[PDB]
Amino acid sequence: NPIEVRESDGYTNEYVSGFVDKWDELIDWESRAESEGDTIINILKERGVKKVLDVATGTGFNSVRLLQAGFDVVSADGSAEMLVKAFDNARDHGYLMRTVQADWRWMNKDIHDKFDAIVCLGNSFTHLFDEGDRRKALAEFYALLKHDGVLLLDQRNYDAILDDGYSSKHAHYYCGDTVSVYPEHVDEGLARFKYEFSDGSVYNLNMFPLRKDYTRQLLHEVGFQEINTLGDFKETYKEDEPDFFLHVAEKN
Ligand SMILES: Nc1ncnc2c1ncn2[C@@H]1O[C@H](CSCC[C@H](N)C(=O)O)[C@@H](O)[C@H]1O
């Protein structure tokens, strides 16, 4: 059956769509690419990666960055509305995106290749609140990797927030002062972040506060052999603790 673009289906809603639109309206990709550096691209190049699957395309930032770097990218997302934005953003940068609508829990339904690398970036994995769904998603990613493939999966540093550290009592800024991100409510099973933009817009979003070692455990448990977790400093006013972690999980 064909996929229809809807502002409200099972994979996105108008609120989250408004949030990503607001981020993209105020934060240009050039600035974001400079602030994030070439860590992702360099990891892939040092591994000889050619074919990449983006499982969390969103409005397309990671996919377009990888296309610009010369990778063969397939751009998947659960949301058809997101994929339309991502395709047109790629078009605006002079690239033809290969979009596929797919749910992490059945990734090979319409994707039949295997990939040198998968990227699941922008703190996307934390959207899953059910442990069974987490294992299912990581198992689906594992199965889509070639024998010597690698999964790049990032997350916010929830350990520092759950342990009542400095980062739990303070907002974190991105793209200068364009947006602040504040952990309004934190418990073992839920973090609600307040995102306040420079134009006065406020969005409140829920995430599952994955501890760094719990994510590593899940990756090991679905079959990944070696995992290296890197501190990833993205925020404007850097602290002793990174605001993100990047897991580099090798299939074999
Ligand atoms: N279960 C699921 N299956 C497929 N896609 C999912 C999903 N849960 C969340 N997503 C997607 O994950 C994306 C997170 S947004 C992050 C987008 C991009 N990596 C960036 O950093 O800008 C959303 O577009 C959302 O639709």
# chains A, B, ... in the order shown; residues from 1 in each chain; ligands from 1
$ residues_near_ligand --ligand "ligand 1" --cutoff "9 Å" --atoms "only C-alpha atoms and all ligand atoms" --output "mmCIF file with N, CA, C and O atoms, in the first residue's frame"
data_model
loop_
_atom_site.group_PDB
_atom_site.id
_atom_site.type_symbol
_atom_site.label_atom_id
_atom_site.label_comp_id
_atom_site.auth_asym_id
_atom_site.auth_seq_id
_atom_site.Cartn_x
_atom_site.Cartn_y
_atom_site.Cartn_z
ATOM 1 N N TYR A 11 3.202 8.302 13.231
ATOM 2 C CA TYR A 11 4.630 8.523 13.398
ATOM 3 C C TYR A 11 5.027 9.973 13.631
ATOM 4 O O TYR A 11 6.200 10.228 13.931
ATOM 5 N N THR A 12 4.108 10.926 13.495
ATOM 6 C CA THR A 12 4.391 12.314 13.837
ATOM 7 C C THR A 12 3.085 13.023 14.158
ATOM 8 O O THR A 12 1.996 12.557 13.810
ATOM 9 N N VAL A 16 5.342 18.031 17.366
ATOM 10 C CA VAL A 16 6.736 17.709 17.075
ATOM 11 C C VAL A 16 7.152 18.279 15.723
ATOM 12 O O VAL A 16 8.282 18.755 15.558
ATOM 13 N N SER A 17 6.259 18.227 14.727
ATOM 14 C CA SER A 17 6.576 18.831 13.437
ATOM 15 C C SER A 17 6.825 20.325 13.580
ATOM 16 O O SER A 17 7.747 20.871 12.963
ATOM 17 N N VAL A 20 10.439 20.765 15.075
ATOM 18 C CA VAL A 20 11.568 20.638 14.149
ATOM 19 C C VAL A 20 11.554 21.771 13.132
ATOM 20 O O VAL A 20 12.623 22.235 12.707
ATOM 21 N N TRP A 23 13.165 24.781 14.986
ATOM 22 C CA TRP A 23 14.613 24.607 15.027
ATOM 23 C C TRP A 23 15.234 24.964 13.678
ATOM 24 O O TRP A 23 16.198 25.735 13.607
ATOM 25 N N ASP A 24 14.685 24.414 12.587
ATOM 26 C CA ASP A 24 15.252 24.669 11.266
ATOM 27 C C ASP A 24 15.015 26.102 10.808
ATOM 28 O O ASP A 24 15.803 26.632 10.021
ATOM 29 N N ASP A 54 20.342 6.161 7.132
ATOM 30 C CA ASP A 54 19.897 7.081 8.175
ATOM 31 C C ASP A 54 18.516 6.609 8.616
ATOM 32 O O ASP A 54 17.568 6.633 7.826
ATOM 33 N N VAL A 55 18.399 6.136 9.860
ATOM 34 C CA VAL A 55 17.105 5.633 10.318
ATOM 35 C C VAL A 55 16.288 6.709 11.018
ATOM 36 O O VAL A 55 15.129 6.463 11.379
ATOM 37 N N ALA A 56 16.850 7.901 11.209
ATOM 38 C CA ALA A 56 16.176 8.985 11.917
ATOM 39 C C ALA A 56 16.351 10.284 11.125
ATOM 40 O O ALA A 56 16.883 11.277 11.622
ATOM 41 N N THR A 57 15.874 10.269 9.877
ATOM 42 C CA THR A 57 16.209 11.338 8.939
ATOM 43 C C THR A 57 15.688 12.696 9.419
ATOM 44 O O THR A 57 16.389 13.713 9.303
ATOM 45 N N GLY A 58 14.482 12.732 9.981
ATOM 46 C CA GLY A 58 13.900 14.008 10.399
ATOM 47 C C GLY A 58 13.822 14.948 9.211
ATOM 48 O O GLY A 58 13.503 14.536 8.091
ATOM 49 N N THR A 59 14.175 16.222 9.430
ATOM 50 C CA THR A 59 14.185 17.133 8.286
ATOM 51 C C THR A 59 15.443 17.007 7.432
ATOM 52 O O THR A 59 15.603 17.781 6.482
ATOM 53 N N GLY A 60 16.355 16.092 7.766
ATOM 54 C CA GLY A 60 17.393 15.670 6.845
ATOM 55 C C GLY A 60 18.815 16.114 7.144
ATOM 56 O O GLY A 60 19.695 15.873 6.304
ATOM 57 N N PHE A 61 19.083 16.724 8.310
ATOM 58 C CA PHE A 61 20.407 17.319 8.525
ATOM 59 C C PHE A 61 21.524 16.285 8.357
ATOM 60 O O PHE A 61 22.484 16.509 7.610
ATOM 61 N N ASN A 62 21.433 15.157 9.065
ATOM 62 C CA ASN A 62 22.503 14.164 8.981
ATOM 63 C C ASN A 62 22.608 13.592 7.577
ATOM 64 O O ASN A 62 23.714 13.386 7.064
ATOM 65 N N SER A 63 21.469 13.305 6.947
ATOM 66 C CA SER A 63 21.509 12.706 5.617
ATOM 67 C C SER A 63 22.159 13.644 4.608
ATOM 68 O O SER A 63 22.979 13.214 3.789
ATOM 69 N N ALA A 76 15.712 7.031 5.846
ATOM 70 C CA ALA A 76 14.480 6.462 6.371
ATOM 71 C C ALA A 76 13.962 7.276 7.547
ATOM 72 O O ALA A 76 14.728 7.945 8.254
ATOM 73 N N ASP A 77 12.647 7.205 7.750
ATOM 74 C CA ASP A 77 11.982 7.842 8.874
ATOM 75 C C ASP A 77 10.590 7.242 8.989
ATOM 76 O O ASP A 77 10.009 6.810 7.991
ATOM 77 N N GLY A 78 10.055 7.212 10.214
ATOM 78 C CA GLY A 78 8.681 6.768 10.353
ATOM 79 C C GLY A 78 7.668 7.734 9.767
ATOM 80 O O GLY A 78 6.556 7.318 9.413
ATOM 81 N N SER A 79 8.030 9.007 9.640
ATOM 82 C CA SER A 79 7.087 10.062 9.280
ATOM 83 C C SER A 79 7.225 10.458 7.813
ATOM 84 O O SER A 79 8.285 10.940 7.389
ATOM 85 N N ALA A 80 6.139 10.298 7.049
ATOM 86 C CA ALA A 80 6.153 10.776 5.669
ATOM 87 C C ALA A 80 6.298 12.291 5.609
ATOM 88 O O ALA A 80 6.939 12.810 4.689
ATOM 89 N N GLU A 81 5.706 13.012 6.576
ATOM 90 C CA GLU A 81 5.824 14.471 6.607
ATOM 91 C C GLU A 81 7.277 14.900 6.779
ATOM 92 O O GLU A 81 7.743 15.837 6.112
ATOM 93 N N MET A 82 8.011 14.218 7.659
ATOM 94 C CA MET A 82 9.439 14.495 7.810
ATOM 95 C C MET A 82 10.189 14.231 6.507
ATOM 96 O O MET A 82 11.036 15.029 6.091
ATOM 97 N N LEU A 83 9.920 13.089 5.875
ATOM 98 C CA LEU A 83 10.659 12.719 4.668
ATOM 99 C C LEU A 83 10.446 13.728 3.546
ATOM 100 O O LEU A 83 11.358 13.976 2.747
ATOM 101 N N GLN A 101 9.848 5.412 3.937
ATOM 102 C CA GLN A 101 9.105 5.401 5.192
ATOM 103 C C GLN A 101 9.235 4.028 5.839
ATOM 104 O O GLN A 101 8.973 3.006 5.197
ATOM 105 N N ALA A 102 9.643 4.002 7.108
ATOM 106 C CA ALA A 102 9.891 2.742 7.792
ATOM 107 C C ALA A 102 9.801 2.967 9.291
ATOM 108 O O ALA A 102 10.228 4.010 9.791
ATOM 109 N N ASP A 103 9.296 1.965 9.995
ATOM 110 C CA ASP A 103 9.265 1.984 11.450
ATOM 111 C C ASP A 103 10.420 1.143 11.976
ATOM 112 O O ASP A 103 10.667 0.040 11.473
ATOM 113 N N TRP A 104 11.119 1.664 12.992
ATOM 114 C CA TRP A 104 12.288 0.968 13.540
ATOM 115 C C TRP A 104 12.000 -0.470 13.941
ATOM 116 O O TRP A 104 12.924 -1.291 13.986
ATOM 117 N N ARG A 105 10.751 -0.797 14.259
ATOM 118 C CA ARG A 105 10.424 -2.138 14.711
ATOM 119 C C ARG A 105 10.196 -3.123 13.568
ATOM 120 O O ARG A 105 10.065 -4.323 13.826
ATOM 121 N N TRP A 106 10.202 -2.665 12.313
ATOM 122 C CA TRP A 106 10.119 -3.551 11.151
ATOM 123 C C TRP A 106 10.873 -2.873 10.009
ATOM 124 O O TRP A 106 10.302 -2.476 8.995
ATOM 125 N N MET A 107 12.191 -2.744 10.178
ATOM 126 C CA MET A 107 12.974 -1.910 9.269
ATOM 127 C C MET A 107 13.161 -2.549 7.897
ATOM 128 O O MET A 107 13.318 -1.835 6.899
ATOM 129 N N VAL A 119 23.162 5.409 10.864
ATOM 130 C CA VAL A 119 23.217 6.547 11.777
ATOM 131 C C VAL A 119 21.830 6.751 12.370
ATOM 132 O O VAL A 119 20.823 6.727 11.653
ATOM 133 N N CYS A 120 21.787 6.902 13.687
ATOM 134 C CA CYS A 120 20.561 7.162 14.435
ATOM 135 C C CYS A 120 20.920 8.305 15.376
ATOM 136 O O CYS A 120 21.292 8.069 16.524
ATOM 137 N N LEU A 121 20.833 9.536 14.878
ATOM 138 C CA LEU A 121 21.459 10.680 15.534
ATOM 139 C C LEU A 121 20.422 11.735 15.905
ATOM 140 O O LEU A 121 19.242 11.622 15.571
ATOM 141 N N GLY A 122 20.894 12.785 16.587
ATOM 142 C CA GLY A 122 20.012 13.845 17.045
ATOM 143 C C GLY A 122 19.182 13.483 18.259
ATOM 144 O O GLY A 122 18.127 14.092 18.480
ATOM 145 N N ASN A 123 19.633 12.512 19.056
ATOM 146 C CA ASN A 123 18.918 12.063 20.253
ATOM 147 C C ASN A 123 17.538 11.525 19.883
ATOM 148 O O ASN A 123 16.521 11.949 20.426
ATOM 149 N N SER A 124 17.507 10.611 18.913
ATOM 150 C CA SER A 124 16.250 10.056 18.431
ATOM 151 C C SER A 124 15.842 8.786 19.175
ATOM 152 O O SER A 124 14.651 8.590 19.445
ATOM 153 N N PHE A 125 16.813 7.925 19.489
ATOM 154 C CA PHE A 125 16.520 6.633 20.105
ATOM 155 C C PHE A 125 15.769 6.803 21.420
ATOM 156 O O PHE A 125 14.915 5.974 21.762
ATOM 157 N N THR A 126 16.050 7.891 22.149
ATOM 158 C CA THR A 126 15.419 8.194 23.426
ATOM 159 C C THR A 126 13.910 8.397 23.313
ATOM 160 O O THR A 126 13.239 8.522 24.345
ATOM 161 N N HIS A 127 13.362 8.445 22.093
ATOM 162 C CA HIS A 127 11.919 8.584 21.910
ATOM 163 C C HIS A 127 11.162 7.329 22.330
ATOM 164 O O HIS A 127 9.968 7.419 22.630
ATOM 165 N N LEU A 128 11.827 6.172 22.367
ATOM 166 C CA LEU A 128 11.175 4.910 22.718
ATOM 167 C C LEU A 128 11.058 4.777 24.234
ATOM 168 O O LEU A 128 12.067 4.795 24.947
ATOM 169 N N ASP A 133 10.464 -2.371 22.745
ATOM 170 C CA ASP A 133 10.640 -1.605 21.514
ATOM 171 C C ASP A 133 12.102 -1.239 21.290
ATOM 172 O O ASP A 133 12.582 -1.255 20.149
ATOM 173 N N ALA A 137 14.121 -2.389 18.047
ATOM 174 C CA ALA A 137 14.717 -1.414 17.139
ATOM 175 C C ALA A 137 16.197 -1.707 16.912
ATOM 176 O O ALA A 137 16.677 -1.708 15.772
#
$ select_by_dssp --residues "stretch 62-170 of chain A" --states "strand (DSSP E or B)" --output "list in words"
residues 72, 73, 74, 75, 76, 77, 99, 100, 101, 115, 116, 117, 118, 119, 120, 145, 146, 147, 148, 149, 150, 151, 152, 153, 154, 155 and 156 of chain A
$ atom_distance --atom1 "atom CA of residue A:199" --atom2 "atom CA of residue A:8"
25.3 Å
$ residues_around --residues "stretch 134-136 of chain A" --least-positions-apart "3" --cutoff "7 Å" --atoms "only C-alpha atoms" --output "PyMOL selection string"
chain A and resi 105+128+130-131+139-140+218+222
$ select_by_dssp --residues "stretch 21-131 of chain A" --states "alpha helix (DSSP H)" --output "number ranges by chain"
A: 21-26, 29-36, 39-46, 61-68, 80-92, 131
$ closest_atom_pairs --of "stretch 112-171 of chain A" --to "stretch 238-248 of chain A" --cutoff "7 Å" --atoms "only C-alpha atoms" --output "tab-separated table"
residue	atom	partner	partner_atom	distance
A:150	CA	A:248	CA	6.8
A:151	CA	A:248	CA	5.9
A:152	CA	A:248	CA	4.9
A:153	CA	A:247	CA	5.2
A:154	CA	A:246	CA	4.3
A:155	CA	A:245	CA	5.4
A:156	CA	A:244	CA	4.2
A:157	CA	A:244	CA	4.9
$ atom_distance --atom1 "atom CA of residue A:215" --atom2 "atom CA of residue A:67"
27.8 Å
$ closest_residue --among "A:36, A:175, A:116, A:90" --to "residue A:71" --atoms "only C-alpha atoms"
A:116
$ atom_distance --atom1 "atom CA of residue A:93" --atom2 "atom CA of residue A:68"
8.5 Å
$ closest_residue --among "A:1, A:225, A:236, A:168" --to "residue A:110" --atoms "only C-alpha atoms"
A:1
$ closest_residue --among "A:25, A:31, A:40, A:179" --to "residue A:230" --atoms "only C-alpha atoms"
A:40
$ closest_residue --among "A:206, A:221, A:70, A:84" --to "residue A:6" --atoms "only C-alpha atoms"
A:84
$ residues_around --residues "residue A:204" --least-positions-apart "2" --cutoff "12 Å" --atoms "only C-alpha atoms" --output "list in words"
residues 15, 16, 18, 19, 180, 181, 182, 183, 184, 185, 191, 192, 193, 194, 195, 196, 197, 201, 202, 206 and 207 of chain A
$ closest_residue --among "A:166, A:142, A:214, A:174" --to "residue A:249" --atoms "only C-alpha atoms"
A:142
$ decode --residues "stretch 24-60 of chain A" --atoms "C-alpha atoms" --output "mmCIF file, in the first residue's frame"
data_model
loop_
_atom_site.group_PDB
_atom_site.id
_atom_site.type_symbol
_atom_site.label_atom_id
_atom_site.label_comp_id
_atom_site.auth_asym_id
_atom_site.auth_seq_id
_atom_site.Cartn_x
_atom_site.Cartn_y
_atom_site.Cartn_z
ATOM 1 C CA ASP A 24 15.252 24.669 11.266
ATOM 2 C CA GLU A 25 13.696 28.118 10.856
ATOM 3 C CA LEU A 26 16.123 29.654 13.371
ATOM 4 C CA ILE A 27 19.233 27.432 13.136
ATOM 5 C CA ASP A 28 20.898 27.112 9.749
ATOM 6 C CA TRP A 29 22.615 23.848 8.821
ATOM 7 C CA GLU A 30 25.941 25.550 8.063
ATOM 8 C CA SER A 31 26.173 26.807 11.653
ATOM 9 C CA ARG A 32 25.106 23.420 12.986
ATOM 10 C CA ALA A 33 27.669 21.578 10.841
ATOM 11 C CA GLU A 34 30.453 23.871 12.055
ATOM 12 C CA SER A 35 29.384 23.421 15.692
ATOM 13 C CA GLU A 36 29.301 19.621 15.388
ATOM 14 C CA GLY A 37 32.516 19.177 13.423
ATOM 15 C CA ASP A 38 33.345 16.208 11.223
ATOM 16 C CA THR A 39 33.383 13.557 13.969
ATOM 17 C CA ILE A 40 30.631 11.500 12.301
ATOM 18 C CA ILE A 41 32.070 11.792 8.788
ATOM 19 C CA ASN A 42 35.593 10.959 9.970
ATOM 20 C CA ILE A 43 34.445 7.841 11.847
ATOM 21 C CA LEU A 44 32.753 6.563 8.686
ATOM 22 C CA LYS A 45 35.668 7.408 6.384
ATOM 23 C CA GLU A 46 38.223 5.749 8.661
ATOM 24 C CA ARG A 47 36.095 2.587 8.338
ATOM 25 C CA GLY A 48 35.875 2.763 4.539
ATOM 26 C CA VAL A 49 32.094 3.161 4.776
ATOM 27 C CA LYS A 50 30.265 3.630 1.469
ATOM 28 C CA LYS A 51 26.565 2.792 1.968
ATOM 29 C CA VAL A 52 24.820 4.497 4.908
ATOM 30 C CA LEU A 53 21.286 4.113 6.236
ATOM 31 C CA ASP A 54 19.897 7.081 8.175
ATOM 32 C CA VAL A 55 17.105 5.633 10.318
ATOM 33 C CA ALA A 56 16.176 8.985 11.917
ATOM 34 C CA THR A 57 16.209 11.338 8.939
ATOM 35 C CA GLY A 58 13.900 14.008 10.399
ATOM 36 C CA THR A 59 14.185 17.133 8.286
ATOM 37 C CA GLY A 60 17.393 15.670 6.845
#
